[PDB]
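For reference, data_26.txt is printed below; it contains compact mmCIF, C-alpha atoms.
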# COMPACT_ATOMS: atom_id res chain seq x y z
CA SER M 6 107.69 -24.35 -6.78
CA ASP M 7 105.41 -24.01 -9.81
CA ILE M 8 102.27 -21.84 -9.75
CA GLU M 9 102.36 -20.68 -13.34
CA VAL M 10 100.37 -17.48 -13.14
CA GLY M 11 100.84 -15.46 -16.31
CA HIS M 12 99.25 -12.83 -18.57
CA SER M 13 97.78 -14.61 -21.58
CA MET M 14 97.81 -11.79 -24.15
CA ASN M 15 94.67 -12.76 -25.98
CA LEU M 16 94.21 -9.86 -28.42
CA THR M 17 90.69 -10.68 -29.46
CA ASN M 18 88.46 -7.62 -29.25
CA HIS M 19 91.63 -5.60 -29.39
CA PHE M 20 92.84 -3.13 -32.00
CA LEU M 21 96.16 -3.47 -33.81
CA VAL M 22 97.71 -0.04 -34.36
CA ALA M 23 100.55 0.17 -36.86
CA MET M 24 103.69 1.95 -35.63
CA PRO M 25 105.23 4.88 -37.55
CA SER M 26 108.25 2.57 -37.76
CA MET M 27 106.24 -0.06 -39.63
CA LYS M 28 108.33 -1.67 -42.39
CA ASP M 29 105.58 -3.52 -44.30
CA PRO M 30 103.92 -1.06 -46.73
CA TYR M 31 100.72 -3.09 -46.72
CA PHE M 32 100.15 -2.01 -43.13
CA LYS M 33 101.92 1.29 -43.22
CA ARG M 34 99.15 2.97 -41.18
CA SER M 35 96.61 0.28 -40.51
CA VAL M 36 94.26 -0.36 -37.62
CA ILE M 37 93.16 -3.97 -37.35
CA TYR M 38 90.44 -5.42 -35.12
CA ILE M 39 91.27 -8.93 -33.92
CA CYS M 40 88.19 -11.10 -34.42
CA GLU M 41 89.80 -14.24 -33.07
CA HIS M 42 93.08 -15.04 -31.32
CA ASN M 43 94.24 -18.50 -30.19
CA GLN M 44 96.90 -21.24 -30.31
CA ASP M 45 96.10 -21.71 -33.99
CA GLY M 46 96.90 -18.11 -34.73
CA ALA M 47 95.01 -14.85 -35.22
CA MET M 48 92.39 -13.36 -37.57
CA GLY M 49 91.74 -9.69 -38.06
CA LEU M 50 90.13 -7.11 -40.23
CA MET M 51 91.43 -3.78 -41.40
CA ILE M 52 89.39 -0.87 -40.23
CA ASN M 53 90.73 1.90 -42.46
CA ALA M 54 91.39 0.47 -45.92
CA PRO M 55 88.51 1.80 -48.02
CA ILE M 56 88.26 0.15 -51.40
CA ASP M 57 87.01 1.55 -54.68
CA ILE M 58 83.57 -0.05 -54.98
CA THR M 59 80.78 1.09 -52.64
CA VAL M 60 78.56 -1.01 -50.41
CA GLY M 61 75.75 -0.55 -52.91
CA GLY M 62 78.04 -1.26 -55.83
CA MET M 63 79.17 -4.60 -54.41
CA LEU M 64 75.57 -5.60 -53.73
CA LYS M 65 74.58 -4.82 -57.31
CA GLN M 66 77.63 -6.71 -58.41
CA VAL M 67 76.57 -9.72 -56.29
CA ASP M 68 73.07 -9.12 -57.63
CA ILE M 69 71.72 -9.29 -54.12
CA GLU M 70 68.01 -8.55 -54.10
CA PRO M 71 67.11 -6.33 -51.11
CA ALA M 72 64.27 -7.51 -48.90
CA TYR M 73 62.93 -4.02 -48.39
CA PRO M 74 62.91 -0.54 -49.96
CA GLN M 75 66.41 0.99 -49.93
CA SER M 76 65.71 4.18 -47.92
CA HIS M 77 69.20 4.42 -46.46
CA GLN M 78 70.33 5.48 -49.93
CA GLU M 79 73.29 7.37 -48.43
CA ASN M 80 74.93 4.66 -46.35
CA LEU M 81 74.75 2.76 -49.61
CA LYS M 82 77.35 5.07 -51.21
CA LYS M 83 79.78 4.50 -48.35
CA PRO M 84 82.71 2.30 -49.44
CA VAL M 85 83.60 -1.25 -48.62
CA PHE M 86 87.08 -1.92 -47.11
CA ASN M 87 90.12 -4.12 -47.63
CA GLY M 88 89.95 -6.55 -44.72
CA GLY M 89 93.29 -8.12 -45.43
CA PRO M 90 95.29 -10.13 -48.00
CA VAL M 91 93.85 -13.52 -47.09
CA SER M 92 90.78 -14.66 -49.01
CA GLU M 93 90.33 -11.33 -50.75
CA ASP M 94 87.20 -12.72 -52.47
CA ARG M 95 85.38 -13.33 -49.19
CA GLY M 96 83.03 -11.04 -47.33
CA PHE M 97 83.13 -9.99 -43.70
CA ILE M 98 80.58 -7.62 -42.27
CA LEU M 99 81.76 -6.01 -39.09
CA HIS M 100 78.81 -4.38 -37.30
CA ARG M 101 76.74 -3.47 -34.25
CA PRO M 102 74.44 -6.36 -33.20
CA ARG M 103 70.97 -5.89 -34.74
CA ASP M 104 69.25 -9.16 -35.59
CA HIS M 105 70.09 -12.77 -36.06
CA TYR M 106 72.02 -13.81 -39.10
CA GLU M 107 72.70 -17.38 -40.09
CA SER M 108 76.45 -17.16 -39.64
CA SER M 109 77.50 -14.54 -37.09
CA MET M 110 80.10 -14.16 -34.33
CA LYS M 111 79.37 -11.79 -31.41
CA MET M 112 82.30 -9.87 -29.98
CA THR M 113 80.43 -7.61 -27.59
CA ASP M 114 77.12 -5.84 -27.27
CA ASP M 115 78.28 -3.42 -29.93
CA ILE M 116 80.52 -5.51 -32.18
CA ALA M 117 79.94 -8.68 -34.15
CA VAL M 118 81.03 -10.20 -37.43
CA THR M 119 78.60 -11.72 -39.93
CA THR M 120 79.81 -13.80 -42.86
CA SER M 121 76.49 -15.11 -44.24
CA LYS M 122 74.86 -13.70 -47.41
CA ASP M 123 71.55 -13.20 -45.57
CA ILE M 124 72.82 -9.94 -44.04
CA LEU M 125 73.38 -8.50 -47.50
CA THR M 126 69.64 -8.27 -48.08
CA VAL M 127 69.02 -5.78 -45.25
CA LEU M 128 71.75 -3.34 -46.19
CA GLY M 129 70.38 -0.05 -47.45
CA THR M 130 67.07 -0.91 -45.78
CA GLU M 131 65.85 0.37 -42.43
CA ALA M 132 66.44 -3.26 -41.35
CA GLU M 133 70.23 -2.90 -41.71
CA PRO M 134 72.46 -2.72 -38.58
CA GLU M 135 72.85 0.81 -37.18
CA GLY M 136 76.59 0.56 -37.76
CA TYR M 137 78.58 -1.60 -40.13
CA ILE M 138 81.50 -1.74 -42.49
CA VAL M 139 81.87 -4.37 -45.16
CA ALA M 140 85.34 -5.87 -45.58
CA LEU M 141 86.79 -8.11 -48.31
CA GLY M 142 89.45 -10.56 -47.22
CA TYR M 143 91.00 -10.53 -43.75
CA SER M 144 94.37 -10.30 -41.99
CA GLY M 145 95.84 -13.59 -40.84
CA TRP M 146 98.67 -14.80 -38.60
CA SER M 147 99.87 -18.33 -38.07
CA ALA M 148 100.08 -20.09 -34.74
CA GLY M 149 101.94 -17.83 -32.36
CA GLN M 150 103.22 -15.85 -35.36
CA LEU M 151 101.27 -12.81 -34.21
CA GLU M 152 102.61 -13.16 -30.69
CA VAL M 153 106.08 -12.62 -32.18
CA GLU M 154 105.14 -9.57 -34.32
CA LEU M 155 104.33 -7.75 -31.12
CA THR M 156 107.79 -8.11 -29.64
CA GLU M 157 108.88 -6.29 -32.81
CA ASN M 158 108.62 -2.56 -33.46
CA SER M 159 105.57 -2.92 -35.67
CA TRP M 160 102.41 -2.72 -33.56
CA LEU M 161 100.91 -1.50 -30.33
CA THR M 162 97.55 -2.45 -28.84
CA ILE M 163 94.55 -1.15 -26.85
CA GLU M 164 91.09 -2.51 -26.17
CA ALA M 165 88.68 -1.62 -28.93
CA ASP M 166 85.70 0.72 -28.94
CA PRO M 167 82.91 0.55 -31.57
CA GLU M 168 83.08 4.27 -32.38
CA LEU M 169 86.58 3.94 -33.76
CA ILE M 170 85.11 1.40 -36.21
CA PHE M 171 81.68 2.73 -37.20
CA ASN M 172 82.00 6.45 -36.57
CA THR M 173 85.21 8.38 -36.69
CA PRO M 174 86.15 9.16 -40.36
CA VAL M 175 88.57 6.79 -42.06
CA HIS M 176 91.30 9.36 -42.44
CA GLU M 177 91.40 9.81 -38.67
CA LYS M 178 91.06 6.23 -37.48
CA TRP M 179 94.81 5.73 -37.31
CA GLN M 180 95.75 9.28 -36.29
CA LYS M 181 93.39 9.04 -33.34
CA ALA M 182 94.52 5.54 -32.48
CA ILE M 183 98.18 6.22 -31.91
CA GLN M 184 97.21 9.46 -30.23
CA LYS M 185 95.18 7.33 -27.89
CA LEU M 186 98.49 5.58 -27.12
CA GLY M 187 99.96 8.89 -26.04
CA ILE M 188 101.98 9.19 -29.25
CA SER M 189 102.43 11.20 -32.47
CA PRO M 190 104.29 10.45 -35.75
CA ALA M 191 107.99 11.32 -36.14
CA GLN M 192 108.45 14.93 -37.34
Could you take the file, read its structure, and then write that structure out as structure tokens?
Amino acid sequence: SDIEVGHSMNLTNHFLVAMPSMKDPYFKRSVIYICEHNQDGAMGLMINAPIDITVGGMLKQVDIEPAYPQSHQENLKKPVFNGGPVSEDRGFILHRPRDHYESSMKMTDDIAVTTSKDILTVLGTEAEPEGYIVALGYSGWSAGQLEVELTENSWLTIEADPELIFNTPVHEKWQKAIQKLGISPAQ
């Protein structure tokens, strides 16, 4: 009769790996982490789009006063990324759970997203999360719209792992992703 057992492709906590046959140049070789996926649509952040300014630079720009000495002087030269085209003037810290921030969303035991200024004060200080990348703007899809992009020859997906986000070099994030899908670019 009608026992509607399905699949429910919720892609939250999943990675979006661009195909070598990607048309859109804005995602030519992107790897997006879905932070939220539901009937309203989907929200994601680009993991390998390093911007010009550095994490330290953006802080200075925002004139954020650190709450402690900035010992981690080196992680402060690391760059901030291009999260996506939507709200390019908004911040999104994707990191490994450390402390409690006013406005934070926990994905797992190793991944969470903080969007409150508070977190900015610990960056560069021993109090900053052991792993984090700062993104500006995010990637958005309308209701179901993402669900349809999949049936197209644009993306492929696999559950996410923190290392791919806070460890492997940018230049290899994509290269290792598709490879993880048993594949390699054209030629």
| note | Nearest to residue 50 in chain M, restricted to all atoms listed in the file and choosing among M:108, M:80, M:144, M:13, comes out as M:144
Centre and edges of the range 96-109 of chain M box, axis-aligned, 5 Å extra per side, as JSON:
{"center_x": 76.2, "center_y": -10.4, "center_z": -40.3, "size_x": 23.9, "size_y": 23.9, "size_z": 24.1}
| Selection near residue 98 in chain M, 6 Å with all atoms listed in the file, sequence-local residues under 6 positions removed, as a count of residues only | 4
| said: Using only C-alpha atoms, list the residues that have an atom at most 12 Å from (80.7, 1.7, -49.7), coordinates as in the file, as a PyMOL selection string. | reply: chain M and resi 54-65+78-87+98+128-129+137-141
| query | Restricting the calculation to only C-alpha atoms, which member of M:17, M:184, M:130, M:43 is positioned closest to residue 77 in chain M? | reply | M:130
| note | Of M:22, M:110, M:47, M:16, the one nearest to residue 182 in chain M when counting all atoms listed in the file is M:22
| field | Proximity to residue 95 in chain M - best of M:67, M:117, M:188, M:39, only C-alpha atoms | value |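 Closest to residue 95 in chain M, using only C-alpha atoms: M:67.
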| request: Figure out the distance between CA of residue 76 in chain M and CA of residue 131 in chain M, please, to one decimal in Å. | output: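 Distance reported for this atom pair: 6.7 Å.
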| field | Top pick for closest residue to residue 185 in chain M, considering M:162, M:44, M:18, M:26 and counting all atoms listed in the file | value |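 Answer, going by the shortest atom-to-atom distance: M:162.
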| task | Please indicate the distance in Å from CA of residue 168 in chain M to CA of residue 29 in chain M, rounded to one decimal place. | result | 26.6 Å
Start from the incomplete input, build N, CA, C and O atoms for range 165-185 of chain M, and deliver everything as a PDB file, keeping the file's coordinate frame.
ATOM      1  N   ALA M 165      89.414  -2.318 -27.904  1.00  0.00           N
ATOM      2  CA  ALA M 165      88.680  -1.620 -28.930  1.00  0.00           C
ATOM      3  C   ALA M 165      87.382  -0.976 -28.471  1.00  0.00           C
ATOM      4  O   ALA M 165      86.800  -1.373 -27.463  1.00  0.00           O
ATOM      5  N   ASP M 166      86.959   0.045 -29.210  1.00  0.00           N
ATOM      6  CA  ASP M 166      85.700   0.720 -28.940  1.00  0.00           C
ATOM      7  C   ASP M 166      84.965   0.795 -30.293  1.00  0.00           C
ATOM      8  O   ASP M 166      85.570   1.105 -31.325  1.00  0.00           O
ATOM      9  N   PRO M 167      83.654   0.508 -30.304  1.00  0.00           N
ATOM     10  CA  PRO M 167      82.910   0.550 -31.570  1.00  0.00           C
ATOM     11  C   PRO M 167      83.005   1.827 -32.398  1.00  0.00           C
ATOM     12  O   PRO M 167      83.063   1.768 -33.625  1.00  0.00           O
ATOM     13  N   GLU M 168      83.025   2.971 -31.723  1.00  0.00           N
ATOM     14  CA  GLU M 168      83.080   4.270 -32.380  1.00  0.00           C
ATOM     15  C   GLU M 168      84.242   4.415 -33.348  1.00  0.00           C
ATOM     16  O   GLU M 168      84.095   4.991 -34.425  1.00  0.00           O
ATOM     17  N   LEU M 169      85.391   3.885 -32.950  1.00  0.00           N
ATOM     18  CA  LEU M 169      86.580   3.940 -33.760  1.00  0.00           C
ATOM     19  C   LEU M 169      86.362   3.167 -35.061  1.00  0.00           C
ATOM     20  O   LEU M 169      87.020   3.423 -36.072  1.00  0.00           O
ATOM     21  N   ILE M 170      85.410   2.241 -35.040  1.00  0.00           N
ATOM     22  CA  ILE M 170      85.110   1.400 -36.210  1.00  0.00           C
ATOM     23  C   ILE M 170      83.973   1.887 -37.103  1.00  0.00           C
ATOM     24  O   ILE M 170      84.090   1.888 -38.330  1.00  0.00           O
ATOM     25  N   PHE M 171      82.872   2.285 -36.475  1.00  0.00           N
ATOM     26  CA  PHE M 171      81.680   2.730 -37.200  1.00  0.00           C
ATOM     27  C   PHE M 171      81.380   4.211 -37.064  1.00  0.00           C
ATOM     28  O   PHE M 171      80.234   4.604 -37.271  1.00  0.00           O
ATOM     29  N   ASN M 172      82.349   5.043 -36.700  1.00  0.00           N
ATOM     30  CA  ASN M 172      82.000   6.450 -36.570  1.00  0.00           C
ATOM     31  C   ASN M 172      83.044   7.456 -36.977  1.00  0.00           C
ATOM     32  O   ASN M 172      82.813   8.266 -37.874  1.00  0.00           O
ATOM     33  N   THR M 173      84.185   7.435 -36.322  1.00  0.00           N
ATOM     34  CA  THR M 173      85.210   8.380 -36.690  1.00  0.00           C
ATOM     35  C   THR M 173      85.632   8.149 -38.152  1.00  0.00           C
ATOM     36  O   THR M 173      85.817   7.002 -38.574  1.00  0.00           O
ATOM     37  N   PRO M 174      85.755   9.237 -38.947  1.00  0.00           N
ATOM     38  CA  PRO M 174      86.150   9.160 -40.360  1.00  0.00           C
ATOM     39  C   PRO M 174      87.384   8.299 -40.563  1.00  0.00           C
ATOM     40  O   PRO M 174      88.249   8.224 -39.694  1.00  0.00           O
ATOM     41  N   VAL M 175      87.454   7.662 -41.726  1.00  0.00           N
ATOM     42  CA  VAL M 175      88.570   6.790 -42.060  1.00  0.00           C
ATOM     43  C   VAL M 175      89.908   7.475 -41.866  1.00  0.00           C
ATOM     44  O   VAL M 175      90.777   6.999 -41.123  1.00  0.00           O
ATOM     45  N   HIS M 176      90.064   8.610 -42.527  1.00  0.00           N
ATOM     46  CA  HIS M 176      91.300   9.360 -42.440  1.00  0.00           C
ATOM     47  C   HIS M 176      91.783   9.681 -41.031  1.00  0.00           C
ATOM     48  O   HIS M 176      92.941  10.053 -40.844  1.00  0.00           O
ATOM     49  N   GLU M 177      90.943   9.501 -40.020  1.00  0.00           N
ATOM     50  CA  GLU M 177      91.400   9.810 -38.670  1.00  0.00           C
ATOM     51  C   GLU M 177      91.538   8.586 -37.755  1.00  0.00           C
ATOM     52  O   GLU M 177      92.119   8.659 -36.670  1.00  0.00           O
ATOM     53  N   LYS M 178      91.014   7.462 -38.221  1.00  0.00           N
ATOM     54  CA  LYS M 178      91.060   6.230 -37.480  1.00  0.00           C
ATOM     55  C   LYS M 178      92.443   5.891 -36.932  1.00  0.00           C
ATOM     56  O   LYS M 178      92.590   5.506 -35.769  1.00  0.00           O
ATOM     57  N   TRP M 179      93.466   6.046 -37.753  1.00  0.00           N
ATOM     58  CA  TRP M 179      94.810   5.730 -37.310  1.00  0.00           C
ATOM     59  C   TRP M 179      95.367   6.841 -36.427  1.00  0.00           C
ATOM     60  O   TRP M 179      95.845   6.595 -35.317  1.00  0.00           O
ATOM     61  N   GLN M 180      95.283   8.062 -36.953  1.00  0.00           N
ATOM     62  CA  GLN M 180      95.750   9.280 -36.290  1.00  0.00           C
ATOM     63  C   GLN M 180      95.229   9.384 -34.870  1.00  0.00           C
ATOM     64  O   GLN M 180      95.943   9.831 -33.978  1.00  0.00           O
ATOM     65  N   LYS M 181      93.981   8.979 -34.665  1.00  0.00           N
ATOM     66  CA  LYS M 181      93.390   9.040 -33.340  1.00  0.00           C
ATOM     67  C   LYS M 181      93.796   7.844 -32.513  1.00  0.00           C
ATOM     68  O   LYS M 181      93.797   7.900 -31.286  1.00  0.00           O
ATOM     69  N   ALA M 182      94.136   6.754 -33.184  1.00  0.00           N
ATOM     70  CA  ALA M 182      94.520   5.540 -32.480  1.00  0.00           C
ATOM     71  C   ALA M 182      95.858   5.735 -31.782  1.00  0.00           C
ATOM     72  O   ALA M 182      95.946   5.615 -30.561  1.00  0.00           O
ATOM     73  N   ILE M 183      96.903   6.024 -32.545  1.00  0.00           N
ATOM     74  CA  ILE M 183      98.180   6.220 -31.910  1.00  0.00           C
ATOM     75  C   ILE M 183      98.053   7.313 -30.888  1.00  0.00           C
ATOM     76  O   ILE M 183      98.599   7.202 -29.796  1.00  0.00           O
ATOM     77  N   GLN M 184      97.333   8.379 -31.215  1.00  0.00           N
ATOM     78  CA  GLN M 184      97.210   9.460 -30.230  1.00  0.00           C
ATOM     79  C   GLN M 184      96.642   8.916 -28.938  1.00  0.00           C
ATOM     80  O   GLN M 184      97.004   9.362 -27.851  1.00  0.00           O
ATOM     81  N   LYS M 185      95.763   7.932 -29.060  1.00  0.00           N
ATOM     82  CA  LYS M 185      95.180   7.330 -27.890  1.00  0.00           C
ATOM     83  C   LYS M 185      96.254   6.564 -27.093  1.00  0.00           C
ATOM     84  O   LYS M 185      96.066   6.244 -25.916  1.00  0.00           O
TER      85      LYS M 185
END
